[PDB]
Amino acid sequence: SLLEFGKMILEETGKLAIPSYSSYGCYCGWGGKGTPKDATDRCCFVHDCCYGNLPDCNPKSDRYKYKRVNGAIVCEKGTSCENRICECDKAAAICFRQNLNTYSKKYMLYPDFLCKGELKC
């Protein structure tokens, strides 16, 4: 659930989901359209796509359980949705951590009209 994802984000990046990644680029936080502005934005695009593979699940609200083995993220067994949701978020966190070096504040609160074009998952 959104509640777990943000905590995962924070642990991973030292940054707070809101407002650091809640309105970043064209896909972080609301997704929809356009060309991902950068690596961080790309993580969100993939992440939206990931959630997209689970039409019959509820990513924002279904809670899952996970643990850290030394500093690794390990999703604990739950319902199938729960397991695939977790794998989706885990990927996004690692991705964020992997591009923190190019995170740019000029993409915070990015305006909608500056996101043109569809991109397929």
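Start at 1 and count along the sequence shown; that's the residue number. Only the largest set of C-alpha atoms that superpose within 1.5 Å between the two forms is called the rigid core.
With the rigid core as the fit anchor, does 47 to 55 or 26 to 34 show bigger C-alpha shifts in 8 other deposited structures of this protein? Most displaced of the pair in 8 other deposited structures of this protein: 26 to 34.
Going by the B-factors listed in the PDB entry, is the mean over the C-alpha atoms higher for 72 to 80 or for 38 to 46? Going by the record's values, the stretch with the higher mean is 72 to 80.
Can you let me know which of the two, 112 to 120 or 4 to 12, has the higher average C-alpha B-factor in the entry? That would be 112 to 120.
Among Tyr51, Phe96, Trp30, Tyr64, which carries the highest Cα B-factor? Largest recorded C-alpha B-factor: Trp30.
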